[PDB]
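The block underneath contains the structure these notes are about, expressed in structure tokens.
Reckoned from all heavy atoms, side chains included, excluding hydrogens, waters and symmetry mates. Indexing begins at 1, ligand by ligand and atom by atom, following the structure's order. Per chain, numbering begins at 1; letters A, B, ... match sequence-line order.
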Amino acid sequence: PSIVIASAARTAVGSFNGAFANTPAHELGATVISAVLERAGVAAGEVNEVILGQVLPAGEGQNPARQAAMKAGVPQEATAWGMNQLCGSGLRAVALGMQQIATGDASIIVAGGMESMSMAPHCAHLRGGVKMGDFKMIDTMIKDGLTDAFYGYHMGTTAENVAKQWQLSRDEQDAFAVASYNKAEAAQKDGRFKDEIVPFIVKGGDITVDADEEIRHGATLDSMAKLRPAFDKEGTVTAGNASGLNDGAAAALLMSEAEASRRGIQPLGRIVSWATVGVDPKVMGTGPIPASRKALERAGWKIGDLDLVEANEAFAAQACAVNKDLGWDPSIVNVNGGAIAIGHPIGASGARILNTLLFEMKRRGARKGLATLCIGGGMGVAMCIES
Amino acid sequence: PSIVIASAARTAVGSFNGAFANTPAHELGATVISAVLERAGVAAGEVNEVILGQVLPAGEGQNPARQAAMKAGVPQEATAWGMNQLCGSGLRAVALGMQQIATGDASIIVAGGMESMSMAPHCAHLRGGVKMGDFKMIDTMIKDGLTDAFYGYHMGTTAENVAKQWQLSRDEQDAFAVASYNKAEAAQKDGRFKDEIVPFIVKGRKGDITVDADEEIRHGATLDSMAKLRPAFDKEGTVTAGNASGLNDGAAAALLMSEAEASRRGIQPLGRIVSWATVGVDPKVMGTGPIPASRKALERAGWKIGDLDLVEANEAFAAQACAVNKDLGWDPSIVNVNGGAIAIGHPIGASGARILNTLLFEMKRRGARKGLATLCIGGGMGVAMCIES
Amino acid sequence: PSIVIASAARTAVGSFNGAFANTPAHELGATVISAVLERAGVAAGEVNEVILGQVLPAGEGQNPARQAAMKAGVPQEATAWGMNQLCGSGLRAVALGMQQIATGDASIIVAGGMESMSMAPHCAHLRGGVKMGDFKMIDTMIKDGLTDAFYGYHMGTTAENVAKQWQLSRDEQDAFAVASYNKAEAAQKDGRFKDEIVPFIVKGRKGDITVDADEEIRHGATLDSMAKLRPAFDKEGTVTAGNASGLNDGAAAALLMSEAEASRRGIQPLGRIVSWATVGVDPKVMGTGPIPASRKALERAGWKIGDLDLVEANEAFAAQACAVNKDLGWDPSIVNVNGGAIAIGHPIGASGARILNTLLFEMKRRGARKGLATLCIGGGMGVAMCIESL
Amino acid sequence: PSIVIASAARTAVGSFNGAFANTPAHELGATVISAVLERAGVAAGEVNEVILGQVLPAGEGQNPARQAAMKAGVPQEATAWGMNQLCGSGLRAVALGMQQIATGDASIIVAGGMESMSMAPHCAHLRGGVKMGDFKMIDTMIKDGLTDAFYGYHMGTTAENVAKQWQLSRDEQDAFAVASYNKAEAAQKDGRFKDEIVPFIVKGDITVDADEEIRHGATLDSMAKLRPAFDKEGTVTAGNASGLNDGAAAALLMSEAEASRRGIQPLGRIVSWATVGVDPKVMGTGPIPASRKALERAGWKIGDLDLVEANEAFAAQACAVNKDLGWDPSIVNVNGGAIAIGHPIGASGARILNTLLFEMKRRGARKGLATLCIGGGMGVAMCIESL
Ligand SMILES: CC(C)(COP(=O)(O)OP(=O)(O)OC[C@H]1O[C@@H](n2cnc3c(N)ncnc32)[C@H](O)[C@@H]1OP(=O)(O)O)[C@@H](O)C(=O)NCCC(=O)NCCS
Ligand SMILES: CC(C)(COP(=O)(O)OP(=O)(O)OC[C@H]1O[C@@H](n2cnc3c(N)ncnc32)[C@H](O)[C@@H]1OP(=O)(O)O)[C@@H](O)C(=O)NCCC(=O)NCCS
Ligand SMILES: CC(C)(COP(=O)(O)OP(=O)(O)OC[C@H]1O[C@@H](n2cnc3c(N)ncnc32)[C@H](O)[C@@H]1OP(=O)(O)O)[C@@H](O)C(=O)NCCC(=O)NCCS
Ligand SMILES: CC(C)(COP(=O)(O)OP(=O)(O)OC[C@H]1O[C@@H](n2cnc3c(N)ncnc32)[C@H](O)[C@@H]1OP(=O)(O)O)[C@@H](O)C(=O)NCCC(=O)NCCS
């Protein structure tokens with residue numbers, strides 16, 4: 001039961017109300033679905049199932065994963081469904097597609113994630129009727145994506161809990177963000193994102209989007225320190241050291257190692273192990289810590305065996321706590337930047353960092369890799385990759 | 001790897017804006033999660049993951065499956081997530097939880113579905129701003145749950161295509177519906193739903209109300225009143241409110257573990273999962289989805305259609321249900337012996353686990369050895385699972 | 001010039017989300033407009049202008065007063081318009097229609113008010129767009145009708161201000177409310193509302209329903225159940241849902257013409273408008289508006305308070321109504337003889353003309369010569385009108 | 001009783017979602033109320049009543065006329081109320097305030113209109129509850145301000161009916177619109193709007209003292225390239241029709257004897273007024289019978305008029321009005337009209353009264369006439385004589 005990633009692709013990460021301001025998530029998803037089939041030389045008729053993670057599907061219609069699969073050219077014989085583990089949806093969907101082939105219930109799976117947070121609507125329950133008084137139109141992006149359902153405050157407040165408990169100062173979080181911007185800004189000019197990015201044509205004059213628009217040029221430590229806190233009047237999490245609201249999609253083509261050998265495909269890597277563990281919702285940013293340990297234990301690897309690490313940077317506070325506890329070399333963690341600079345599409349972030357992990361391992365010849373993210377509500381997910 | 005269903009439970013199916021009119025889906029889910037743990041003698045601290053299918057989670061908060069697990073008593077160390085394959089979500093989640101234990105990544109899984117379509121809100125994209133003119137507040141239940149995203153018409157229109165293609169008259173669909181109502185009315189009086197139903201406490205402010213009976217079951221469904229109804233989707237069609245399933249709320253789940261685990265704990269499971277399958281079809285005739293799904297599930301299990309002792313085929317529409325029983329050709333006396341969704345109700349996210357609950361307890365109640373549960377899915381898909389006692 | 005009220009009519013006052021839950025205000029207005037023409041023997045083609053007070057017209061369309069006139073049969077040559085002085089709109093519209101005839105710019109006026117508080121929609125400004133976060137859908141009835149724009153609290157809080165300054169206890173307000181219910185229930189049983197009420201046919205989906213009785217009047221209002229209610233505006237206050245007027249729908253109007261015109265047509269008018277007045281007060285105690293308005297009206301008419309034979313003072317709240325009767329000092333036995341808005345209902349835009357209808361028909365049945373109608377107005381205003389019989 | 005206009009003032013007319021995009025109507029009204037008081041030397045404590053026409057007050061609060069009076073300094077002893085006769089509201093309020101003094105029920109009146117069409121909200125009746133299906137959020141500006149309640153189509157459709165019956169071609173309407181822009185742009189450059197306009201401070205603070213709808217260099221070629229805005233094969237376009245605008249205007253009314261006792265030189269004497277209704281299909285023909293009734297009530301002939309202000313709701317309705325009555329077009333809208341200046345529904349009636357009054361004093365005209373059309377099939381006119 002050896003499962004490999006034959007190919008992977010992702011769209012550029014768009015800013016909130018930016019290039020993808022009016023593009024539904026399934027429009028970004030099918031472009032990625034068509035890319036992983038074209039990059040692997042596999043026809044759409046051979047896909048058995050499409051598994052796309054999505055957190056904000058309100059208003060898009062019946063099963064947006066089916067719409068993305070039908071629009072990419074996957075025939076009606078295949079099936080499609082969506083799943084939601086918040087920020088780990090994109091990565092958990094890859095593990096779920098791996099289990100479909102491992103149990104012998106499928107041969108070729110397209111798994112990933114898609115998210116259009118700009119298209120997230122405002123909602124309100126109006127069936128019972130409002131007899132008298134004002135009622136609130138709730139932002140589904142904030143309520144169903146960014147607000148803890150057990151304590152009522154934003155994910156940024158949970159990052160404040162991580163910063164206060166781990167004793168991470170404002171200057172330590174800002175320096176981590178600037179380092180993420182500098183690595184991401186360098187990677188874009190050097191063209192290290194060109195392989196993983198598939199261009200998306202926004203048919204409006206038509207506009208082709210093939211570059212992450214969240215990268216701001218010349219991020220200075222001085223401009224980072226002038227920002228006001230966004231969640232606590234005297235807090236430490238700001239707009240600079242926290243991930244933003246973004247749109248995008250990413251996916252991967254899954255098949256057995258024997259199947260890839262029969263088709264002459266050179267896969268990006270083999271999925272050797274995965275894990276998901278839950279933590280206290282107050283400190284949801286610490287999720288990747290027990291998940292990465294469980295994944296490495298299942299793979300038989302030590303922390304020193306890792307050659308490349310992709311840890312999602314939801315917040316600068318949560319990212320500092322993860323790298324210090326596990327103790328892995330920070331020079332191999334997010335070599336090309338993180339979500340603070342690239343963007344954070346919730347449903348697609350799991351597959352987004354998997355794309356960056358896969359293409360960078362082949363680019364520099366890394367043998368062992370690990371991708372992990374934190375999940376709102378107090379959870380984590382991790383996956384071990386071997387080239 | 002042999003995976004068994006150690007226990008199962010479901011809430012009563014409530015009417016649209018009825019007893020559960022103001023109850024969130026995760027509150028119905030938490031009751032079922034606690035029930036399957038109590039009925040199997042398994043503590044909440046041993047659950048590894050909770051998998052709940054849900055189609056309409058807008059406005060309920062971050063990951064309602066996590067909320068249902070935390071409120072049911074499952075500790076924070078465990079994980080939870082939701083999935084969406086429309087009407088087959090409740091049953092696919094059970095197959096997904098079965099795969100978690102088969103691959104050795106988990107030991108005990110709570111899988112099922114929950115749906116509160118009464119709590120489904122109206123929405124509208126307003127970030128760009130409406131400079132001038134009227135805009136529509138869209139019903140998320142209709143848009144994301146009941147409308148085909150490729151052709152724009154309701155699921156009832158796909159049933160009209162099935163009825164015309166299979167040449168099913170208005171009288172044949174009404175006769176199937178009346179049979180479904182009468183079987184459900186008999187099952188309710190005989191108490192055949194008491195074992196599977198777990199009572200839900202509607203915690204109100206002017207008195208608590210206990211719900212332990214499906215309120216959609218209509219007493220004395222007559223063929224004359226069935227023929228008096230108007231078509232609901234085509235001005236000259238055949239599908240009416242009587243021969244079609246309704247809008248409902250409810251939750252259902254099952255406790256999954258290996259056969260060795262149940263033997264170590266002295267647990268007597270309700271059944272072993274022998275096979276499952278999911279196939280896609282044309283969205284125009286999505287009601288024919290269960291036909292190739294049942295064929296692949298039986299083919300994967302090594303069974304023939306004649307080997308089945310009990311059959312649970314979800315009755316999304318009377319037209320779609322008649323075409324399935326006619327194609328496969330199994331004995332209709334073993335299909336939905338206690339009624340179907342036409343009489344009980346059709347909570348989209350929870351229907352897959354709902355009919356699995358009725359299949360499991362009825363197989364135990366009458367000593368059936370082999371069973372099959374199957375549903376159709378909007379967009380042109382089907383899902384099926386074969387159960388052996 | 002001498003302007004008289006040739007005829008008057010009003011619909012039954014409907015409960016909030018009751019019989020008129022889905023009937024637009026102009027549908028109730030058209031019924032009343034047709035009634036005052038039939039009761040006076042005046043054809044619709046003779047009306048020069050229709051003046052209808054309305055406070056909550058959002059969502060009803062372009063100028064609902066014009067819609068009510070066109071549906072009642074008033075030809076397109078005539079004009080129609082709406083005005084808004086809150087709770088005094090129905091009565092101010094009559095004074096405004098009288099001025100149209102006084103200045104010689106019109107001959108026959110249909111003036112009154114209409115209100116459908118059940119049909120008042122929720123609204124929100126969405127042109128700029130909500131980039132991120134929740135926004136509020138505002139109840140237009142609460143915001144534009146029942147909330148003071150200067151202090152932000154409900155009209156019921158202004159009644160609490162009146163109760164504190166006049167030292168009106170909960171027991172006195174409850175006793176005033178129970179007395180209002182018993183007078184209204186007695187008047188309804190005796191049929192004293194039949195003349196003023198015109199039946200309204202609720203064109204529904206499963207058959208037409210005729211409404212000809214005020215449905216807010218509850219039979220057998222007890223002081224014990226009144227005292228068990230909780231305060232509705234202050235957690236430790238005195239104004240409750242029982243001693244305060246409710247949310248209601250309805251319409252009322254009158255046909256105005258000169259005394260010489262009515263004499264030429266052989267019409268016996270209901271009364272002569274002798275004087276009117278409107279004065280403003282502090283918005284904190286808006287319920288005291290009728291005190292300076294009634295005095296200014298009596299001064300303009302040359303009357304003293306003792307000359308009045310009948311008084312119709314709108315009962316917005318039990319606190320404001322008790323403070324008005326104590327200041328002016330008129331005999332309470334001649335004030336609201338058939339009950340008030342606490343029992344009948346308070347459709348804001350139409351209440352001014354509603355109590356004018358009750359004053360006019362009660363003056364004719366008992367032979368009263370001098371009458372006065374007055375109401376309080378949100379924001380700190382009052383309006384009053386003096387009527388003399390013919 | 002002879003009633004005069006002691007003073008008049010108006011704000012600059014703002015574009016839809018322009019300088020007044022977030023300014024409530026009563027904020028514009030208070031500025032105008034304070035202006036007419038200062039220009040006449042009359043204190044706010046002397047005002048008896050404020051009468052402001054307003055058509056779209058949804059969401060602004062209880063009686064916006066009272067809010068404008070309280071903020072302008074008018075004491076609580078005075079009264080205030082709003083009225084609604086659509087487009088003729090601003091001018092009818094002046095006639096109503098004139099009647100208050102004629103009957104001896106008031107001495108000093110501030111009458112006019114105010115409108116903030118940008119602040120008009122979307123609404124929907126939700127008390128009964130929407131059990132199932134989609135419902136519409138209704139634009140109160142379109143529904144309660146611009147849509148005929150008897151035939152269901154826009155006011156621009158009624159102008160199409162006017163154009164067909166009088167046989168007014170597209171070229172004639174475009175030439176009328178361009179002429180209106182050129183007259184308004186010339187008057188602005190020469191400063192003929194400076195006297196009537198009171199500057200408004202949009203609280204960086206921004207001072208607005210110029211009508212922002214006036215476009216410099218309006219060409220006939222770009223006018224003819226525009227598409228019809230109400231009928232796919234119609235003749236009314238965005239260029240030959242008035243727009244959606246915000247603004248306020250008012251006037252100070254008192255008896256001629258009162259002004260003489262105060263040493264005030266009035267802008268004019270109100271000699272007559274009239275309002276007549278017409279068929280709602282051709283509501284633009286309202287000024288035709290209304291102006292005749294006003295002239296008949298004043299004892300004047302059409303040839304006696306020295307200056308005319310006829311609101312330009314549409315180029316089609318304005319051409320039909322000038323042709324029927326037959327007055328000299330060289331004395332009609334000498335400084336431009338609503339096609340170039342703007343058309344704030346509640347304030348347009350008083351807006352053209354301001355333009356008529358200051359232009360009559362500027363050139364020494366003795367007799368004037370202001371008139372507008374009203375949705376639903378009505379018209380209003382007023383005759384002014386200088387003193
Ligand atoms: C930033 C956030 C908190 C919302 O605040 P926001 O108003 O939308 O942020 P904006 O970009 O619109 O404005 C931020 C300001 O800081 C400035 N700024 C932001 N990042 C900066 C940087 N890195 N360097 C310098 N300046 C910066 C922006 O230009 C902007 O300027 P302004 O003061 O004129 O507005 C949003 O990113 C957020 O909600 N993040 C949560 C992500 C999350 O929780 N994901 C869940 C996974 S746990
Ligand atoms: C069919 C549907 C439109 C029904 O609409 P509905 O009008 O709200 O259904 P209701 O029962 O509330 O109203 C139906 C009317 O017929 C009556 N009626 C319905 N079923 C009846 C029956 N079986 N016997 C007798 N009378 C019946 C009802 O009492 C009601 O009375 P009314 O005429 O006074 O209104 C809706 O339930 C539906 O869309 N179902 C399919 C949803 C779906 O897609 N499910 C998943 C399949 S993929
Ligand atoms: C006072 C007010 C807030 C009440 O809100 P409400 O929810 O509609 O009050 P309700 O009538 O629906 O219910 C009140 C309760 O008291 C009871 N009650 C009301 N009046 C009663 C009476 N006269 N005697 C005995 N019991 C009474 C009702 O039955 C109800 O009990 P329930 O809830 O168990 O059924 C509302 O009527 C209001 O806003 N009034 C303002 C009037 C106003 O401002 N007018 C403008 C003039 S300035
Ligand atoms: C006609 C109306 C719909 C305007 O159309 P609109 O949707 O607002 O579109 P716009 O106003 O932004 O103008 C549209 C285009 O015409 C162009 N245009 C407008 N006026 C122009 C002019 N005078 N000369 C040349 N070009 C012009 C604009 O630049 C714009 O070009 P763009 O689309 O590339 O940005 C609106 O102004 C209206 O309804 N007016 C009627 C008001 C009314 O009836 N009041 C009641 C009277 S009784």
| said: If we set the cut-off at 4.0 Å for heavy atoms, which region of C:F16 has an atom near ligand 3: side chain, backbone, both, or neither? | reply: neither

| said: If the cut-off is 4.0 Å to any non-hydrogen atom of A:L146, which atoms of ligand 1 fall inside it? | reply: 43 (C), 44 (O), 45 (N), 46 (C)

| field | Donor-acceptor contact below 3.5 Å, side chain C:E185 vs main chain C:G220 | value | no

| said: Please confirm whether B:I342 approaches ligand 2 to less than 4.0 Å, judged on its heavy atoms. | reply: no

| said: Check contact between B:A221 and ligand 2, using heavy atoms of the residue and a distance below 4.0 angstrom. | reply: no

| Between C:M141 and ligand 3, which residue portion shows a heavy-atom distance shorter than 4.0 Å: side chain, backbone, both, or neither? | neither

| Can you find a non-hydrogen atom of B:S245 under 4.0 Å from ligand 2? | yes

| query | atom 38 (C) of ligand 1: which of A:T238, A:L245, A:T147 has the nearest heavy atom? | reply | A:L245

| task | Give a yes/no verdict on whether any heavy atom in B:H154 is under 4.0 Å from an atom of ligand 2. | result | yes

| query | Does at least one non-hydrogen atom of A:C87 fall below 4.0 angstrom from an atom of ligand 1? | reply | yes

| request: With heavy atoms of A:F231 as the reference, note each atom of ligand 1 found under 4.0 Å away. | output: 3 (C)

| With B:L86, the side-chain contact (heavy atoms from CB on, under 4.5 Å) member among B:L146, B:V55, B:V383 | B:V55

| note | Counting from 1 in the order shown, the ligand 2 atoms closer than 4.0 Å to a non-hydrogen atom of B:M155 are 44 (O), 48 (S)

| How about B:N243 and B:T240: does a side-chain donor come under 3.5 Å of a side-chain acceptor? | yes

| ligand 1 contact on C:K131 by region, counting heavy-atom pairs under 4.0 Å | side chain

| request: Determine whether the side chains of B:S118 and B:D249 contain a donor N or O and an acceptor N or O closer than 3.5 Å. | output: yes

| remark: Nearest non-hydrogen contact to atom 16 (O) of ligand 1 from the set A:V178, A:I375, A:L227 belongs to A:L227

| Where on B:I348 is there a heavy atom closer than 4.0 Å to ligand 2, on the side chain, on the backbone, on both, or on neither? | side chain

| message | List ligand 3 atoms under 4.0 Å from C:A241, heavy atoms only on the residue side. | response | 1 (C), 4 (C), 9 (O), 14 (C), 20 (N)

| task | Taking A:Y153 for its side chain and A:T158 for its backbone only, find out whether a donor-acceptor pair lies under 3.5 Å. | result | no

